[PDB]
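Everything on this sheet refers to the single structure shown next.
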Amino acid sequence: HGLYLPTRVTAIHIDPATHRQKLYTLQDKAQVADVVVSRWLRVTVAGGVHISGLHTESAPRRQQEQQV
Amino acid sequence: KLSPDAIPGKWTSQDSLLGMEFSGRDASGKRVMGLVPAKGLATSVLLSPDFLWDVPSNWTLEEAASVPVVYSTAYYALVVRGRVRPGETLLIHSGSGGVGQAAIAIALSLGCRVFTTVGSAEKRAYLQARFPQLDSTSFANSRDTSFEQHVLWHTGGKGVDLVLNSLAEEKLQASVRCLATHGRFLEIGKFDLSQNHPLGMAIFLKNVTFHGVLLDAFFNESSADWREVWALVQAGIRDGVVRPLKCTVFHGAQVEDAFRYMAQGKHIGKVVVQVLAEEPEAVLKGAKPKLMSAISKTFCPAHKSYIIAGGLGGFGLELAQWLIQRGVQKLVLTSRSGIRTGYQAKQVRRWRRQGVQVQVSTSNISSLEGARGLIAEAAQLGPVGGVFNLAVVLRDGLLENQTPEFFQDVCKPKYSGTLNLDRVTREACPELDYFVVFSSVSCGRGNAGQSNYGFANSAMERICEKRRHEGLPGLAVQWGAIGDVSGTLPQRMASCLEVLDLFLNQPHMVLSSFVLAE
Amino acid sequence: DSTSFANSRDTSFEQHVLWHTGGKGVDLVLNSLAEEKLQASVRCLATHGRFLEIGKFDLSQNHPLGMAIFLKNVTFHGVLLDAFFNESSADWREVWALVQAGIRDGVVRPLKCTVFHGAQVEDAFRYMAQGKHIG
Ligand SMILES: NC(=O)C1=CN([C@@H]2O[C@H](COP(=O)(O)OP(=O)(O)OC[C@H]3O[C@@H](n4cnc5c(N)ncnc54)[C@H](OP(=O)(O)O)[C@@H]3O)[C@@H](O)[C@H]2O)C=CC1
Ligand SMILES: NC(=O)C1=CN([C@@H]2O[C@H](COP(=O)(O)OP(=O)(O)OC[C@H]3O[C@@H](n4cnc5c(N)ncnc54)[C@H](OP(=O)(O)O)[C@@H]3O)[C@@H](O)[C@H]2O)C=CC1
């Protein structure tokens with residue numbers, strides 16, 4: 001619980017050609033790319049992007065409490 | 001400076017993580033000292049007997065509070081991980097601190113030559129007093145890297161065999177250079193590790209083991225390996241190696257002063273908080289601790305059952321989640337259609353996995369038979385503890401457009417439902433302690449086009465007011481606008497839940513909460 | 001078993017081990033690989049793991065090693081058997097006893113051997129240099 005922000009990433013690969021290949025147009029005009037998250041292998045893969053070793057650390061809330 | 005979620009184990013709401021050790025009477029009246037992963041600052045601690053030692057008759061309960069954490073971590077770091085043997089040489093940073101003192105006590109028992117780092121000269125005098133075996137050449141400065149030259153010169157350039165390190169950044173690198181062949185490094189500080197600071201691997205050409213010592217793992221896992229450390233501490237206590245640290249006692253009402261004294265960093269030894277005094281009797285077999293005043297916050301028994309009408313609604317799911325975090329382990333949620341969206345299914349599955357005995361009912365509280373069936377289901381899960389009526393059906397439009405059917409539809413789940421709930425609860429709910437119905441500021445302040453909604457909401461308040469006057473519980477909360485799920489800005493969910501926590505513990509009948517625009 | 005194998009020349013063994021271990025890792029790692037492979041091996045470690053390193057290249061070059069592994073209980077070791085020949089004989093007798101106990105129990109088995117006569121030492125060295133030998 002609470003918001004976690006990225007602090008480290010071990011490796012990011014980008015391949016625009018594979019990215020264009022993987023995109024598939026939906027029944028609407030909008031395009032889409034399927035994304036799979038494997039926590040066991042610590043890999044997020046979507047289109048031509050592949051993130052591994054993402055580390056997130058809890059950032060304390062600003063406690064602005066603008067609502068009183 | 002430290003996020004509460006960093007502590008291992010899924011603690012909820014980040015509440016009461018303070019405290020790790022205590023010393024007090026057991027349920028049977030035996031003096032005991034313990035070690036809890038969290039929630040040690042309290043007038044009562046729930047613990048497994050594996051994490052409880054015995055306080056020998058020579059000791060006073062005050063002294064016992066200093067032993068557990070520091071001596072357990074020292075033993076685990078040296079004996080279990082560093083496999084210390086007699087005659088070795090150790091560099092123990094921050095001797096004045098508790099862990100440093102315990103490490104010195106363990107090392108001097110085996111006969112090792114001990115190098116220690118102390119920030120000032122008063123701490124040097126103290127350590128020289130406590131441990132006469134230390135010579136004048138065994139003290140370095142912990143506020144600069146000068147200790148490296150000291151260790152290197154006085155060891156003939158060979159180095160040290162063990163290093164119980166707690167310093168950070170440039171100090172850590174300087175510590176490694178003191179290692180000798182086959183030397184072991186015991187990292188207990190958690191700054192560089194959290195920051196992923198690099199460590200050159202060239203030190204490993206010298207046969208070297210770089211241990212990471214984290215005792216927080218035992219409190220939550222690795223139970224089998226704990227008995228080793230427990231046995232070591234018990235053996236030390238019976239043999240006399242374990243000697244309590246000097247304690248600066250602070251009374252219960254002055255805990256902020258204790259925290260400030262610790263923060264200033266001038267303390268030597270351990271700071272302890274005296275929740276209660278020690279009695280001369282060896283086994284008092286006392287009934288209860290002396291009562292004290294504390295801010296009142298809501299909690300629920302594990303064996304009772306709660307009913308959230310309209311629990312699959314936007315606010316109902318958040319209210320249930322709040323209830324689960326406060327100790328509810330059997331819940332009944334009502335909805336005409338049932339689970340029909342992904343978010344609801346996700347929440348119910350997570351709650352069921354957590355062990356909560358969630359149950360979705362189609363019983364309609366509009367009809368008396370349906371209300372009786374709902375309460376019977378709650379009884380099947382267990383005694384009814386609380387009833388929350390969050391059902392709503394909206395039909396907006398000015399009076400010229402309104403019609404009797406729309407009024408009936410809007411009033412049924414809120415007006416009739418509350419009447420039937422009150423009847424069935426007065427009939428067959430003796431253990432009930434909460435009965436909350438959620439209203440809207442439209443009832444009090446008024447808002448055009450919501451005449452029927454206001455009528456329904458105002459009608460719920462009367463039932464609650466009658467219930468309280470006759471001795472039974474009741475509370476209507478007039479909310480404004482709920483944001484995450486007039487002239488009033490929408491109110492966030494966390495603020496709403498905090499306010500609800502306040503409201504439940506007030507003695508009044510109808511309460512309101514809203515956020516003014518600009 | 002058939003699932004006990006991976007590829008050493010590629011860094012794809014990390015996914016194999018992590019998948020087949022249920023995502024936990026491995027308790028003991030005996031690594032002798034290069035820089036990128038060495039880094040990949042560390043990420044295979046589990047809580048209370050122990051990285052036994054017997055290579056030299058990364059150690060010799062003083063390559064960096066992230067200290068976030070330590071927050072997971074971990075024990076990085078430097079294993080050089082050459083230390084025994086220079087000192088620590090009393091520590092060596094333990095290894096000697098272990099080896100003898102293995103010999104008499106049956107755990108120790110001789111490895112497959114390719115024999116080159118004394119006059120053909122150069123051929124033996126070339127054959128080993130090629131890298132196709134097993135045993
Ligand atoms: N891995 C684990 O699970 C554990 C880790 N540790 C860590 O090792 C250390 C020993 O624990 P503990 O007994 O609680 O230590 P203490 O808090 O009792 O002592 C900390 C030491 O830091 C120095 N110091 C002086 N003034 C300050 C100040 N204002 N702020 C911070 N440090 C100051 C002193 O050494 P000096 O006299 O040289 O100035 C002092 O002895 C801690 O840093 C602790 O986090 C130990 C136990 C458990
Ligand atoms: N959130 C807000 O802005 C404010 C709301 N309130 C009150 O506070 C509570 C907040 O809930 P809210 O987020 O509005 O909920 P929703 O309006 O999103 O849904 C109401 C819940 O009750 C159920 N329900 C609807 N009709 C009936 C019925 N006839 N019998 C039984 N259950 C029914 C709904 O499921 P289903 O339709 O499938 O039955 C749903 O679970 C409600 O009591 C609301 O009236 C007042 C002030 C502020």
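Convention: chains lettered A, B, ... in structure tokens order; per-chain residue numbering from 1; ligands numbered from 1 as shown.
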
Give me the residues within 8 Å of range 17-23 of chain B as a tab-separated table (two decimals) with C-alpha atoms, in the first residue's frame, counting only C-alpha atoms and dropping any in the same chain fewer than 4 places off.
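Done, and the output landed in result28.tsv:
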```
chain	number	residue	atom	x	y	z
B	4	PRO	CA	7.32	2.14	7.90
B	11	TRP	CA	2.06	-4.70	8.88
B	31	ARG	CA	9.47	-12.16	34.93
B	32	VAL	CA	10.47	-12.43	31.27
B	33	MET	CA	12.28	-10.42	28.62
B	34	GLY	CA	11.34	-10.69	24.97
B	35	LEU	CA	12.02	-9.65	21.39
B	36	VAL	CA	9.13	-8.63	19.12
B	37	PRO	CA	9.45	-7.56	15.46
B	38	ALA	CA	7.37	-4.46	16.21
B	39	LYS	CA	4.79	-3.00	18.58
B	40	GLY	CA	7.12	-3.24	21.57
B	41	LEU	CA	6.17	0.18	22.96
B	61	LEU	CA	13.44	-5.76	35.26
B	62	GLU	CA	14.97	-2.43	34.28
B	64	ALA	CA	16.57	-6.81	31.37
B	65	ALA	CA	15.18	-4.35	28.81
B	68	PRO	CA	17.56	-8.91	24.09
B	69	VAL	CA	18.06	-6.95	20.86
```

Grab me every residue within 9 Å of ligand 1, counting only C-alpha atoms and all ligand atoms, and send it over as a PyMOL selection string. chain B and resi 69-74+77+93-102+116-120+123-124+140-143+164-167+186-190+212-217+262-271

Give the residue list for ligand 2 at 7 Å, counting only C-alpha atoms and all ligand atoms, as a ChimeraX atom specification, sorted by chain and then by residue number. /B:309-316,334-338,364-366,389-393,412-413,437-441,478-482,485

Please, could you write that set of residues out with N, CA, C and O atoms as a short mmCIF file (atom, residue, chain, number, x, y, z; two decimals), in the first residue's frame?
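Final output, saved to part.cif:
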```
data_model
loop_
_atom_site.label_atom_id
_atom_site.label_comp_id
_atom_site.auth_asym_id
_atom_site.auth_seq_id
_atom_site.Cartn_x
_atom_site.Cartn_y
_atom_site.Cartn_z
N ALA B 309 -24.51 -3.38 4.18
CA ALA B 309 -25.50 -3.33 3.12
C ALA B 309 -24.99 -2.44 1.99
O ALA B 309 -24.47 -1.35 2.23
N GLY B 310 -25.14 -2.91 0.76
CA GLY B 310 -24.51 -2.23 -0.36
C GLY B 310 -23.00 -2.27 -0.27
O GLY B 310 -22.34 -1.26 -0.56
N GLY B 311 -22.44 -3.40 0.14
CA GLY B 311 -21.01 -3.50 0.33
C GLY B 311 -20.21 -3.52 -0.95
O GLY B 311 -19.01 -3.23 -0.92
N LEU B 312 -20.84 -3.85 -2.07
CA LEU B 312 -20.16 -3.82 -3.35
C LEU B 312 -20.14 -2.44 -3.97
O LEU B 312 -19.59 -2.27 -5.06
N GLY B 313 -20.73 -1.45 -3.32
CA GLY B 313 -20.69 -0.09 -3.82
C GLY B 313 -19.31 0.51 -3.68
O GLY B 313 -18.39 -0.05 -3.09
N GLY B 314 -19.16 1.70 -4.26
CA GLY B 314 -17.86 2.36 -4.25
C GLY B 314 -17.35 2.60 -2.85
O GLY B 314 -16.20 2.31 -2.53
N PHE B 315 -18.21 3.15 -1.99
CA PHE B 315 -17.80 3.37 -0.61
C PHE B 315 -17.83 2.08 0.21
O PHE B 315 -17.07 1.96 1.17
N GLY B 316 -18.70 1.14 -0.15
CA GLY B 316 -18.80 -0.08 0.63
C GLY B 316 -17.52 -0.89 0.63
O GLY B 316 -17.12 -1.43 1.65
N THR B 334 -24.01 -7.06 0.91
CA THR B 334 -25.30 -7.24 0.26
C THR B 334 -25.35 -6.45 -1.04
O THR B 334 -24.82 -5.34 -1.12
N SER B 335 -25.98 -7.04 -2.05
CA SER B 335 -26.10 -6.41 -3.35
C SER B 335 -27.15 -7.15 -4.15
O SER B 335 -27.18 -8.39 -4.15
N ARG B 336 -28.02 -6.40 -4.82
CA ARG B 336 -29.09 -7.02 -5.59
C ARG B 336 -28.54 -7.88 -6.73
O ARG B 336 -29.03 -8.98 -6.97
N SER B 337 -27.52 -7.38 -7.43
CA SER B 337 -26.99 -8.08 -8.59
C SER B 337 -25.80 -8.98 -8.26
O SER B 337 -25.57 -9.96 -8.97
N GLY B 338 -25.05 -8.66 -7.22
CA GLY B 338 -23.89 -9.45 -6.86
C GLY B 338 -22.62 -8.93 -7.49
O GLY B 338 -22.55 -7.80 -8.00
N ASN B 364 -32.45 -8.74 0.40
CA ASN B 364 -32.84 -7.34 0.28
C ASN B 364 -33.39 -6.87 1.62
O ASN B 364 -34.32 -7.47 2.15
N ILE B 365 -32.81 -5.80 2.15
CA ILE B 365 -33.17 -5.32 3.48
C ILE B 365 -34.47 -4.54 3.39
O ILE B 365 -35.02 -4.12 4.42
N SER B 366 -34.97 -4.33 2.17
CA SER B 366 -36.24 -3.63 2.02
C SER B 366 -37.39 -4.42 2.64
O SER B 366 -38.29 -3.85 3.25
N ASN B 389 -25.57 0.36 6.87
CA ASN B 389 -26.56 0.50 5.80
C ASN B 389 -26.06 1.57 4.84
O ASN B 389 -26.25 2.77 5.07
N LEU B 390 -25.41 1.14 3.76
CA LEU B 390 -24.88 2.03 2.75
C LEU B 390 -25.63 1.93 1.42
O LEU B 390 -25.15 2.44 0.41
N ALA B 391 -26.79 1.28 1.41
CA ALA B 391 -27.56 1.14 0.19
C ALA B 391 -28.12 2.48 -0.25
O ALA B 391 -28.45 3.33 0.58
N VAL B 392 -28.22 2.68 -1.57
CA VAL B 392 -28.78 3.91 -2.12
C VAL B 392 -29.32 3.63 -3.51
O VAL B 392 -28.74 2.87 -4.28
N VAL B 393 -30.46 4.25 -3.81
CA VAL B 393 -31.03 4.27 -5.15
C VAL B 393 -31.43 5.70 -5.44
O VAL B 393 -32.22 6.29 -4.69
N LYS B 412 -37.03 3.12 -0.38
CA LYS B 412 -37.06 1.73 0.07
C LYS B 412 -35.75 1.25 0.66
O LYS B 412 -35.76 0.70 1.77
N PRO B 413 -34.60 1.42 0.00
CA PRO B 413 -33.36 0.83 0.54
C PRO B 413 -32.79 1.58 1.72
O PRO B 413 -31.93 1.04 2.42
N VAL B 437 -25.53 4.37 9.67
CA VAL B 437 -26.25 4.63 8.43
C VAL B 437 -25.70 5.91 7.84
O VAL B 437 -25.55 6.91 8.55
N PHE B 438 -25.39 5.89 6.55
CA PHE B 438 -24.70 7.00 5.90
C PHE B 438 -25.72 7.90 5.21
O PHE B 438 -26.45 7.45 4.33
N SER B 439 -25.75 9.17 5.61
CA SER B 439 -26.63 10.18 5.06
C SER B 439 -25.80 11.17 4.23
O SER B 439 -24.60 10.99 4.04
N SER B 440 -26.46 12.22 3.74
CA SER B 440 -25.82 13.21 2.89
C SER B 440 -26.13 14.61 3.39
O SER B 440 -27.18 14.84 4.00
N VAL B 441 -25.22 15.54 3.12
CA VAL B 441 -25.44 16.93 3.49
C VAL B 441 -26.70 17.47 2.84
O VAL B 441 -27.28 18.44 3.32
N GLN B 478 -23.59 12.36 8.09
CA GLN B 478 -23.98 13.16 6.93
C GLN B 478 -22.72 13.52 6.16
O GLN B 478 -21.98 14.42 6.55
N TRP B 479 -22.48 12.84 5.05
CA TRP B 479 -21.29 13.08 4.25
C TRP B 479 -21.55 14.13 3.19
O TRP B 479 -22.70 14.44 2.86
N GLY B 480 -20.47 14.67 2.65
CA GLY B 480 -20.55 15.64 1.58
C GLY B 480 -20.42 14.96 0.24
O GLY B 480 -21.37 14.34 -0.24
N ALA B 481 -19.25 15.07 -0.38
CA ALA B 481 -18.96 14.40 -1.64
C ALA B 481 -17.72 13.54 -1.46
O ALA B 481 -16.69 14.02 -0.99
N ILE B 482 -17.83 12.27 -1.84
CA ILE B 482 -16.73 11.33 -1.74
C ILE B 482 -15.98 11.34 -3.07
O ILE B 482 -16.57 11.12 -4.13
N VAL B 485 -13.81 7.44 -5.00
CA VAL B 485 -14.72 6.41 -5.48
C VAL B 485 -15.60 6.95 -6.59
O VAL B 485 -16.65 6.37 -6.89
#
```

Contacts of residue 61 in chain C at 8 Å (only C-alpha atoms; same-chain gap of 2+ positions) as a compact mmCIF listing (two decimals) with N, CA and C atoms, in the first residue's frame:
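Okay, this is what ended up in selection-v8.txt:
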```
# COMPACT_ATOMS: atom_id res chain seq x y z
N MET B 201 35.33 -5.81 -6.10
CA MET B 201 35.48 -7.23 -5.80
C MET B 201 36.93 -7.64 -5.62
N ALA B 202 37.88 -6.72 -5.76
CA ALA B 202 39.29 -7.07 -5.60
C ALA B 202 39.61 -7.50 -4.18
N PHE C 57 38.75 -13.30 -12.94
CA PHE C 57 38.74 -12.16 -13.86
C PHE C 57 38.07 -10.95 -13.22
N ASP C 58 36.84 -11.12 -12.73
CA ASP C 58 36.16 -10.00 -12.09
C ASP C 58 36.88 -9.57 -10.82
N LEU C 59 37.39 -10.52 -10.05
CA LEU C 59 38.16 -10.17 -8.86
C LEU C 59 39.42 -9.42 -9.23
N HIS C 63 35.97 -5.27 -10.50
CA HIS C 63 34.71 -4.78 -11.04
C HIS C 63 33.73 -4.51 -9.90
```

With chain B as the partner and 10 Å as the cut-off, tabulate the residues of chain A that qualify, each row holding the nearest pair of atoms and their distance in Å to one decimal, using only C-alpha atoms, sorted by chain and rising number, as CSV.
```
residue,atom,partner,partner_atom,distance
A:1,CA,B:13,CA,8.3
A:2,CA,B:5,CA,9.0
A:7,CA,B:195,CA,9.4
A:8,CA,B:196,CA,9.3
A:57,CA,B:3,CA,8.9
A:58,CA,B:3,CA,6.7
A:59,CA,B:3,CA,7.8
A:60,CA,B:3,CA,7.1
A:65,CA,B:495,CA,8.6
A:66,CA,B:515,CA,9.8
A:67,CA,B:515,CA,6.5
A:68,CA,B:515,CA,6.8
```

Contact set, chain C to chain A: 8 Å, only C-alpha atoms, as a list in words: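 Listed by rising number, the hits are residues 15, 18, 19, 22, 23 and 24 of chain C.
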
Out of B:151, B:245, B:7, B:277, which residue has the shortest atom-to-atom distance to chain C when counting only C-alpha atoms?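 With only C-alpha atoms as the atom set, the closest residue is B:7.
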
Write down as an NGL selection string the residues belonging to range 39-68 of chain A that are assigned strand (DSSP E or B) by DSSP computed on the backbone. :A and (43-46 or 49-58)

Atoms kept (N, CA and C atoms) for selection, written as an mmCIF file, in the first residue's frame:
```
data_model
loop_
_atom_site.group_PDB
_atom_site.id
_atom_site.type_symbol
_atom_site.label_atom_id
_atom_site.label_comp_id
_atom_site.auth_asym_id
_atom_site.auth_seq_id
_atom_site.Cartn_x
_atom_site.Cartn_y
_atom_site.Cartn_z
ATOM 1 N N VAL A 43 10.532 -9.237 -15.070
ATOM 2 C CA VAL A 43 10.559 -8.692 -16.422
ATOM 3 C C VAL A 43 9.180 -8.155 -16.765
ATOM 4 N N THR A 44 9.133 -6.927 -17.273
ATOM 5 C CA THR A 44 7.934 -6.356 -17.873
ATOM 6 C C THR A 44 8.191 -6.198 -19.363
ATOM 7 N N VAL A 45 7.342 -6.813 -20.182
ATOM 8 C CA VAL A 45 7.505 -6.818 -21.629
ATOM 9 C C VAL A 45 6.229 -6.289 -22.263
ATOM 10 N N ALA A 46 6.374 -5.325 -23.164
ATOM 11 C CA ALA A 46 5.235 -4.760 -23.876
ATOM 12 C C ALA A 46 5.729 -4.201 -25.197
ATOM 13 N N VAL A 49 9.453 -2.950 -26.002
ATOM 14 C CA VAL A 49 10.094 -2.514 -24.771
ATOM 15 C C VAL A 49 10.162 -3.691 -23.813
ATOM 16 N N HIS A 50 11.251 -3.754 -23.049
ATOM 17 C CA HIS A 50 11.495 -4.882 -22.155
ATOM 18 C C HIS A 50 12.273 -4.360 -20.951
ATOM 19 N N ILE A 51 11.589 -4.239 -19.815
ATOM 20 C CA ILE A 51 12.169 -3.720 -18.582
ATOM 21 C C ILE A 51 12.457 -4.884 -17.650
ATOM 22 N N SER A 52 13.641 -4.877 -17.044
ATOM 23 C CA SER A 52 14.019 -5.884 -16.067
ATOM 24 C C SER A 52 14.637 -5.212 -14.850
ATOM 25 N N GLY A 53 14.407 -5.811 -13.688
ATOM 26 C CA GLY A 53 14.995 -5.327 -12.452
ATOM 27 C C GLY A 53 14.505 -3.971 -11.994
ATOM 28 N N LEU A 54 13.202 -3.724 -12.066
ATOM 29 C CA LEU A 54 12.646 -2.460 -11.608
ATOM 30 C C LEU A 54 12.561 -2.454 -10.090
ATOM 31 N N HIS A 55 13.106 -1.411 -9.473
ATOM 32 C CA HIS A 55 13.074 -1.247 -8.029
ATOM 33 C C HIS A 55 12.317 0.025 -7.689
ATOM 34 N N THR A 56 11.327 -0.095 -6.812
ATOM 35 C CA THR A 56 10.511 1.028 -6.383
ATOM 36 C C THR A 56 10.585 1.160 -4.869
ATOM 37 N N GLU A 57 10.674 2.398 -4.394
ATOM 38 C CA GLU A 57 10.795 2.701 -2.978
ATOM 39 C C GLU A 57 9.659 3.618 -2.556
ATOM 40 N N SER A 58 9.121 3.374 -1.366
ATOM 41 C CA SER A 58 7.982 4.144 -0.891
ATOM 42 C C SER A 58 8.385 5.587 -0.630
#
```

Produce a table with one row for each residue of chain C that has an atom at most 8 Å from any atom of chain B, each row naming the nearest atom pair and its distance in Å at one decimal; use only C-alpha atoms; arrange rows by chain and rising residue number; format as a Markdown table.
```
| residue | atom | partner | partner_atom | distance |
| --- | --- | --- | --- | --- |
| C:56 | CA | B:205 | CA | 7.7 |
| C:58 | CA | B:201 | CA | 6.9 |
| C:59 | CA | B:202 | CA | 4.6 |
| C:60 | CA | B:202 | CA | 5.9 |
| C:61 | CA | B:202 | CA | 6.9 |
| C:62 | CA | B:202 | CA | 4.4 |
| C:63 | CA | B:200 | CA | 5.6 |
| C:64 | CA | B:200 | CA | 4.7 |
| C:65 | CA | B:199 | CA | 5.1 |
| C:66 | CA | B:198 | CA | 4.8 |
| C:67 | CA | B:196 | CA | 4.7 |
| C:68 | CA | B:193 | CA | 4.7 |
| C:69 | CA | B:193 | CA | 7.5 |
| C:70 | CA | B:212 | CA | 4.9 |
| C:71 | CA | B:193 | CA | 5.9 |
| C:72 | CA | B:212 | CA | 7.8 |
| C:73 | CA | B:212 | CA | 5.7 |
| C:74 | CA | B:212 | CA | 5.7 |
| C:75 | CA | B:211 | CA | 4.7 |
| C:76 | CA | B:210 | CA | 5.2 |
| C:77 | CA | B:209 | CA | 4.4 |
| C:78 | CA | B:204 | CA | 4.8 |
| C:79 | CA | B:207 | CA | 6.0 |
| C:80 | CA | B:207 | CA | 6.3 |
| C:83 | CA | B:207 | CA | 7.9 |
```

Residues just named, written with N, CA, C and O atoms as a tab-separated table (two decimals), in the first residue's frame:
```
chain	number	residue	atom	x	y	z
C	56	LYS	N	38.53	-15.48	-11.28
C	56	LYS	CA	39.57	-14.50	-10.99
C	56	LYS	C	39.38	-13.21	-11.77
C	56	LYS	O	39.80	-12.14	-11.33
C	58	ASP	N	36.84	-11.12	-12.73
C	58	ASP	CA	36.16	-10.00	-12.09
C	58	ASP	C	36.88	-9.57	-10.82
C	58	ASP	O	36.98	-8.37	-10.54
C	59	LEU	N	37.39	-10.52	-10.05
C	59	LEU	CA	38.16	-10.17	-8.86
C	59	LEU	C	39.42	-9.42	-9.23
C	59	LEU	O	39.77	-8.42	-8.59
C	60	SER	N	40.13	-9.87	-10.27
C	60	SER	CA	41.38	-9.22	-10.66
C	60	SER	C	41.13	-7.80	-11.15
C	60	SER	O	41.89	-6.88	-10.83
C	61	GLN	N	40.07	-7.60	-11.92
C	61	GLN	CA	39.78	-6.27	-12.46
C	61	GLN	C	39.10	-5.35	-11.45
C	61	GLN	O	38.92	-4.17	-11.76
C	62	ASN	N	38.73	-5.85	-10.28
C	62	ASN	CA	38.05	-5.04	-9.27
C	62	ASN	C	36.76	-4.45	-9.81
C	62	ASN	O	36.46	-3.27	-9.60
C	63	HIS	N	35.97	-5.27	-10.50
C	63	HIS	CA	34.71	-4.78	-11.04
C	63	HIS	C	33.73	-4.51	-9.90
C	63	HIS	O	33.78	-5.16	-8.85
C	64	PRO	N	32.82	-3.56	-10.08
C	64	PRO	CA	31.90	-3.20	-9.00
C	64	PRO	C	30.84	-4.27	-8.78
C	64	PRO	O	30.47	-5.02	-9.69
C	65	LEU	N	30.34	-4.33	-7.55
C	65	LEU	CA	29.27	-5.25	-7.18
C	65	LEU	C	28.26	-4.48	-6.34
C	65	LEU	O	28.61	-3.97	-5.27
C	66	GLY	N	27.03	-4.39	-6.81
C	66	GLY	CA	25.99	-3.71	-6.08
C	66	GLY	C	25.76	-4.31	-4.71
C	66	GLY	O	25.64	-5.53	-4.57
C	67	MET	N	25.62	-3.47	-3.67
C	67	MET	CA	25.48	-3.93	-2.26
C	67	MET	C	24.02	-4.13	-1.86
C	67	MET	O	23.77	-4.38	-0.67
C	68	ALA	N	23.06	-4.07	-2.79
C	68	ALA	CA	21.63	-4.30	-2.49
C	68	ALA	C	21.39	-5.79	-2.24
C	68	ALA	O	20.37	-6.12	-1.61
C	69	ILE	N	22.30	-6.66	-2.69
C	69	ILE	CA	22.21	-8.14	-2.50
C	69	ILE	C	22.26	-8.40	-1.00
C	69	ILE	O	21.58	-9.32	-0.54
C	70	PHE	N	23.05	-7.63	-0.27
C	70	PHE	CA	23.28	-7.83	1.18
C	70	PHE	C	21.94	-7.66	1.91
C	70	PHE	O	21.78	-8.33	2.95
C	71	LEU	N	21.06	-6.77	1.47
C	71	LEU	CA	19.81	-6.51	2.23
C	71	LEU	C	19.11	-7.86	2.24
C	71	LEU	O	18.59	-8.22	3.31
C	72	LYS	N	19.10	-8.60	1.14
C	72	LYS	CA	18.64	-10.02	1.21
C	72	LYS	C	19.72	-10.68	2.04
C	72	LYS	O	20.90	-10.40	1.76
C	73	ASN	N	19.41	-11.56	2.98
C	73	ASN	CA	20.50	-12.09	3.82
C	73	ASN	C	21.34	-12.77	2.74
C	73	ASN	O	20.74	-13.40	1.86
C	74	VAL	N	22.65	-12.57	2.73
C	74	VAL	CA	23.53	-13.15	1.68
C	74	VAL	C	24.93	-13.30	2.27
C	74	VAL	O	25.22	-12.60	3.24
C	75	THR	N	25.74	-14.19	1.71
C	75	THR	CA	27.14	-14.38	2.16
C	75	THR	C	28.04	-14.55	0.93
C	75	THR	O	28.16	-15.69	0.48
C	76	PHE	N	28.61	-13.47	0.41
C	76	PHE	CA	29.57	-13.54	-0.68
C	76	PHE	C	30.90	-14.05	-0.15
C	76	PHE	O	31.43	-13.52	0.83
C	77	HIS	N	31.45	-15.07	-0.80
C	77	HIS	CA	32.71	-15.67	-0.40
C	77	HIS	C	33.76	-15.47	-1.48
C	77	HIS	O	33.44	-15.30	-2.66
C	78	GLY	N	35.02	-15.49	-1.06
C	78	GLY	CA	36.13	-15.58	-1.99
C	78	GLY	C	36.88	-16.87	-1.74
C	78	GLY	O	37.54	-17.02	-0.71
C	79	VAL	N	36.80	-17.80	-2.68
C	79	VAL	CA	37.33	-19.15	-2.50
C	79	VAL	C	38.57	-19.29	-3.36
C	79	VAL	O	38.48	-19.46	-4.58
C	80	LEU	N	39.74	-19.23	-2.72
C	80	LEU	CA	41.01	-19.50	-3.37
C	80	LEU	C	41.70	-20.62	-2.61
C	80	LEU	O	42.12	-20.43	-1.46
C	83	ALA	N	45.59	-20.58	-0.99
C	83	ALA	CA	46.01	-20.09	0.32
C	83	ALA	C	46.57	-21.21	1.19
C	83	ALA	O	47.46	-20.98	2.00
```

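Interatomic distance, CA of residue 476 in chain B against CA of residue 434 in chain B: 11.1 Å.
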
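With only C-alpha atoms as the atoms that count, the residue of A:29, A:62, A:34, A:4 with the shortest distance to residue 48 in chain A is A:34.
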
I'd like the neighbourhood of residue 319 in chain B as number ranges by chain, where a residue qualifies if any of its atoms comes within 10 Å (using only C-alpha atoms), though same-chain residues fewer than 6 positions away should be ignored. B: 308, 311, 313, 325, 388, 390, 493, 496-497, 500

Non-local contacts of residue 298 in chain B (8 Å; only C-alpha atoms; under 6 positions in same chain excluded) as a list in words: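 Within the cut-off, the hits are residues 326, 501, 504 and 505 of chain B.
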
Run DSSP on the backbone and give me the residues of chain C it puts in alpha helix (DSSP H), as a PyMOL selection string. chain C and resi 13-20+35-42+57-61+82-86+89-105+121-130
